[PDB]
């Protein structure tokens, strides 16, 4: 899947200044682009606009060369796998949440394999009816990290053309979490991936790194080229 922002400006409802200004961003099919910058710089806004929680003020977002606003909502949800705290949950079983409410389109074994590959099966097993426990209402509320791993499992299961990855819980070390990064690394390979970077070390391998400051893209390049550029990214290379 191809994703392109053309002269995109966006302002959160009620705000008086834009969150994004004249964003031009091309992510060709199969490439990974890492967005870096301070929290509140607009990097998360860029990724989240693809989900159409809001519409842009001006400009164009194109998906496979078609404006986002031309897709039916069903087609939009099918194209994009969101791995973030805003992954959409259903008042339904865990298995049905991993399957994105698509029933009898996946097998039980596929759902279970996706759960294990996301390292979600450990906490799922502690629920009374396992994968078939009803989450949400009159049921279990997911912790934040549990919700992320449900999102990883859903993304692993669906094999979607577009991945939006918010690398939350940058504090990572142990075994089940080290292999989470390994699972994410394989998922973003062979897929158009927009990654919200929260630790710089995790995105040195992106095909292009994009530095956002105050809603403006200030620098673009590979990790090595950006270091030789001795600009903003090179200065941010002080957190290591």
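Positions refer to the first chain, counted from 1.
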Item to check | 164 to 172 or 78 to 86, whichever carries the higher mean Cα B-factor | outcome: 164 to 172
Checklist entry - Going by the B-factors listed in the PDB entry, is the mean over the C-alpha atoms higher for 126 to 134 or for 101 to 109? => result 101 to 109
Next on the checklist: Looking at 183, 63, 33, 212, which one carries the largest C-alpha B-factor according to the PDB entry?
Outcome noted: 183
Item to check | Third assignment of residue 18 from its chain's C-alpha B-factors | outcome: middle
Checklist entry - How does residue 43 rank on Cα B-factor within its chain, lowest, middle or highest third? => result lowest
Checklist entry - Mind checking which third residue 157 falls in for C-alpha B-factor across the chain? => result middle
Next on the checklist: Quick check for you: using the entry's CA B-factors within this chain, is residue 193 in the lowest, middle or highest third?
Outcome noted: middle
Checklist entry - Going by what the PDB entry lists, where does residue 140 fall on CA B-factor within its chain: lowest, middle or highest third? => result highest
